[PDB]
Amino acid sequence: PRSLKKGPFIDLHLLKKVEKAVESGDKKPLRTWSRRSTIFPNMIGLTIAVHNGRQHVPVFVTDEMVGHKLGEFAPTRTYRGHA
Amino acid sequence: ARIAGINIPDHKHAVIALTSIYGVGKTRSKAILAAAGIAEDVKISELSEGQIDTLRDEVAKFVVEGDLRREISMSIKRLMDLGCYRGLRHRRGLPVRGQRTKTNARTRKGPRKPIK
Amino acid sequence: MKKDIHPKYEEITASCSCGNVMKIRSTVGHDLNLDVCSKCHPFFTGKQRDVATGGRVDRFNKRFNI
Amino acid sequence: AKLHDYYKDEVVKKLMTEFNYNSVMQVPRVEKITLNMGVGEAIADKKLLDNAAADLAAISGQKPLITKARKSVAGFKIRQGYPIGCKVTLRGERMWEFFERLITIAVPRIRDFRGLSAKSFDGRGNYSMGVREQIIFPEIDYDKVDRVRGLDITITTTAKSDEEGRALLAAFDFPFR
RNA sequence: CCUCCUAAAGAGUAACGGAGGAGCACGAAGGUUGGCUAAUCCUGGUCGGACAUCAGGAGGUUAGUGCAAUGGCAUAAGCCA
RNA sequence: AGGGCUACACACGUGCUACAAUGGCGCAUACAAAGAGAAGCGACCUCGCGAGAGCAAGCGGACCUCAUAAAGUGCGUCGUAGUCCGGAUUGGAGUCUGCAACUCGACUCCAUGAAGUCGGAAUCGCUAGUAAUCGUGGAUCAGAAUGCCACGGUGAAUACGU
RNA sequence: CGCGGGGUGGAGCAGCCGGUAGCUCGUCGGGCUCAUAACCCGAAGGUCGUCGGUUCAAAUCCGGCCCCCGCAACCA
C-alpha cells in the first residue's frame, strides 16, 4: 500500500466530481475511469460507475468500502468456467 | 498447564510450549516470557502456580485462540460481502495476493482434478 | 445405590486461580487446581470487546486525514 | 447439595415473585439430569463403547447404563439389540452436585465459550445441551484419554412451559446468552 | 398337510376356480413367580446424517407373535428378569 | 489516457530452496579475488527492532565509497520429531524508488508455518584447482534477478579398459 | 404361450460353498524408438436389466416381470 505520510490517493478530477455531487444532492451515476482512486467517507451513498476496461459497472458505495479503491469493485476479467 | 483456552505440553520448553496457543508464535512467546520474568529455557513442568498464573495473565493481554479465530473469520466474511476482488477470489478458492496461478495454485486449489 | 459397581465418589477442594475455593464431591480423588472458575470467567467483561467490529470510516480517519 | 439448598431458599422465592404462583408446589423443579453418549463406532469394535462408559462414569459418579438398538436402521449397520450407546440418569443429591460442577467448572472450561442457547428448550421446559469435548470436565485427565469424546446433557424439569424452565435455569445463574 | 375366499350368517360342500404357506424350530423360544407396554410422527440434543443412543410430547396397538394366512391376545398369548 | 503482454482445468523445458545433525539456531572469531562509482558510490555520527531516515566528509578514485566475504574455526544448545528441519501461503503494519506500486515492484518487521522424510519409467553434467559446495562483483537499470556475464574460497571420487 | 443357457464397466470371457468386486484391445499421461507397432509403469469409465425377499456377506440362493440365446413341438 501507499505510505501513510503521503496520504490517500484520489484523482483530482474525480474528487472534484464527488464534491459537485455532494453539493447538488443528486444520485445519478458518475462514470469514472479512475480505478486507482481510493474511496472517501464523503463518497458514501453515491453510485459511481467504474470502468473495467470495457464498460462502466455501477458501484453503490457503502460504509465498508472506504479504505478500498474503486478498481477493487469493478472486475476486469470475465471467466465463467472451463466446462 | 492450561493457558488461555487450551492445554499445553509439559515436557517442552516455555517459549515453544506457548507457541501451541493459537495466536502466539515465537516472538510473541518470548515477549510473554519477558513480561512474566520467566526464563525461556525452562519447561512448563517444574513451574510454580504463581508463575503459571502470571503467564496466563500476560497471554490474556493479546487477542488469541477463539477471539483471534473470530476476528480472522470476520475479515474474510466482510470481504466476501463486499464482493471486492479479494472477496471474489476467496469465494472462488483462488490465490488472493496476486499469484500467477498458471500451473502452481495447488495450496488454494487443492489436489489436481483430472478433466472429466 | 448398588454397592460394588460405582466409582469412588468423595469430597475434594477445587481452587480457581481467581481465589474462589470450592468444596465439591467428585471422582478425581486428589485436590483440584482450576484455571478458570465460573466466578472468574470472562463472559460479562470479554464478549463486548471480543466481537470487535469497529468502524472502517473511523480507521480511515485515524491513519490519515486533512 | 449446595445448589439444592440455594434453590430451596432463594430460587423458589424468586420464581414465586416473578410468575405469581399460588402454591409452592406450582414452582418448577429439576427432576433429573440425563447424560447420554451415542457411540456408533462401537459396532466396529467393542472396547470403544467400554471406554465411553468409563468416561461417563468418571464424569458423573454413577456407572452408566449401556443402551441398545430399539429398531434397526439402514445406513449405519446396526442390528436390533446392538449395544450402541450409554446413559446415566442423575437424580437428587448426586444430580444437584453434577449440576453445580457443570456450571461452576465444566462449562467455564469450554473452549471458546460464548454462552449457551436460550432457544434449546424444546417447548415443555426440558433443557438439552451437548459438549463437544469430554475433557471440559476435570474428572477426565487430558494425558490419559486416547479418543476424543463428547456427550449430551439433558436437564428434565417440572416446568410446563419452556419459558418457566428458562427462568428456573436463570435463577441458578445458568449461562445462556 | 396348513390358512383365507368361492361356501348361499350351524357343520360340510366342487372345478386344470382365486390367493398364500408346511416337510420345521426351541433344554429355552418350555414351566412358574415378579415386573413391564407398542408402531409412527413431532420438538430439543456432541460426532450423528431420512434412518443409531438420550431427553419432552402426540399417539393408543395402527405394534408384537420363531415362520404363511385366519381367528386370537393388555388378566396380555407381546417384552424383561 | 486506461488496460494487456503478469490471465490459468492443465502438459513440458531450464533454475532456486528444501526435505536436515557432514545439520539448524545462538555468541565469539579468521583468511579472498575481481569489479563499479558524478542526475554516481556515499564513511563517520545521530535516530529507527529493521527495510531505512537525517546530517554529511572522502572521492572521476592502487587514496574515498560500495564493502561485514561466506563456507570455515572455537564454545554452547537442539537429539531424529514433519522437529528449534522446511519455508510456501495468507493477515496486519510499513520502508524506498517513482507523476504513479489496484491490476503489477523490491525490501523490512510481527504473526501465519503448505508440500516436502532424497523422488516411477527413464534422464543430464563433469577427468582437476574439474565436479561438488561457499559467498563476492558487474552489465541492463529510477525501482525491479533464483537469470546472464565475471571473481575468488574450500575442494573430492574415478578412468581396468574399448 | 411351455422347457434347457443369462443377462454387466466402450465390446466381449469372468474361479462347485452368497464375504474375491477382473483380463484383452481402447483413451490420457512420459520417456524409450532414427519412426511407430511397441516392451514396461499408472490413471477415468457398474448397473451387475429389473422389481423384491432368505442372510451382516448378495450381482452371487430363490417369486414375478423385459429382453438376448437356444429348444424342439404346432398353425384352422
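Throughout, read-outs are computed from the coordinates displayed, never taken from laboratory work. Heads up, the Cβs are rebuilt from the backbone with ideal geometry, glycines too, and the neighbour counts pull from every protein chain shown.
Ranking C:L34, C:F60, C:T45 by Cα position along the charge dipole of chain C, where only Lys, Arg, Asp and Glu carry charges on their C-beta atoms, puts C:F60 farthest toward the positive end. Sorted fewest first by neighbouring Cβ atoms within 10 angstrom, B:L68, B:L94 come out as B:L94, B:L68.
Less than 5 angstrom separates the built amide H of A:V50 from those of A:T32, A:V57, A:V59, all sequence-distant by 5 or more or on a different chain. DSSP assigns beta bridges within chain C; of those with both partners inside it, close to 65 percent run antiparallel. Near B:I8, the amide H atoms lying under 5 Å from its own belong to B:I3; only residues 5 or more places off or on other chains count, and H is placed 1.01 Å from N. For helix A:12-24, what angle does its Cα long axis make with the longest principal axis of chain A, in degrees from 0 to 90 and rounded to 10? With rounding to tens, the tilt is 70 degrees. Set against the 2.2 N^0.38 Å expectation for a compact globular protein, the protein assembly as shown has a Cα radius of gyration ratio of 1.30.
Tell me, what is the percent relative contact order of chain A, built from C-alpha pairs under 8 Å that lie six or more residues apart? Intermediate results must be reported in sequence, preceding the final value.
On the way: 116 pairs, mean separation 21.0, N = 83.
RCO, chain A: 25 percent.
Considering only B:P9, B:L82, B:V59, and ranking their Cα positions along the charge dipole of chain B that arises from unit charges at the beta-carbon of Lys, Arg, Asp and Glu, the one farthest toward the positive end is B:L82. For a straight C-alpha distance cut-off of 17 angstrom, the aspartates and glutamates reachable from A:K28 (same-chain residues fewer than eight places away being disregarded) are A:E19.
A Cβ-based charge dipole, computed about the Cα centre of chain B with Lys and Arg at +1 and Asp and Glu at -1, lands at about 1820 debye. Peptide D:60-73 has a mean shielding of 2, counted as Cβ atoms of other protein chains within 10 Å of each residue's Cβ.
For the residues of B:85-98, the average number of beta carbons from a partner chain within 10 Å of their own beta carbon is 1. Legend: distances between Cα atoms for B:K12/D:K77; D:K87/D:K144; A:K20/C:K62; D:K32/D:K144; pairs beyond 32 Å are B:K12/D:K77. Between D:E31 and D:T156, D:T157, D:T158, the built amide H atoms are under 5 Å apart, and every one of these is 5 or more places off in sequence or on another chain. Fully extending the segment from D:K8 to D:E93 would add 29.3 nm, taking 0.36 nm per residue of separation and subtracting the current Cα-Cα distance.
Classify chain A as rounded, prolate or oblate from the Cα gyration tensor: take a ≥ b ≥ c as the square roots of its eigenvalues, call it rounded if a/c is under 1.5, otherwise prolate when a/b beats b/c and oblate if not.
On the way: a/c = 2.04, a/b = 1.33, b/c = 1.53.
Oblate is the answer for chain A, as a/c is 1.5 or above yet b/c matches or exceeds a/b.
Once you keep just the Cα pairs under 8 angstrom separated by 6 or more residues, what percentage relative contact order results for chain D?
Numbers: 287 pairs, mean separation 51.9, N = 177.
RCO, chain D: 29 percent.
Roughly speaking, what is the centre-to-centre gap between the range A:20-80 and the range D:78-127 when only Cα atoms are used, to the nearest Å? Answer, in whole Å: 53.
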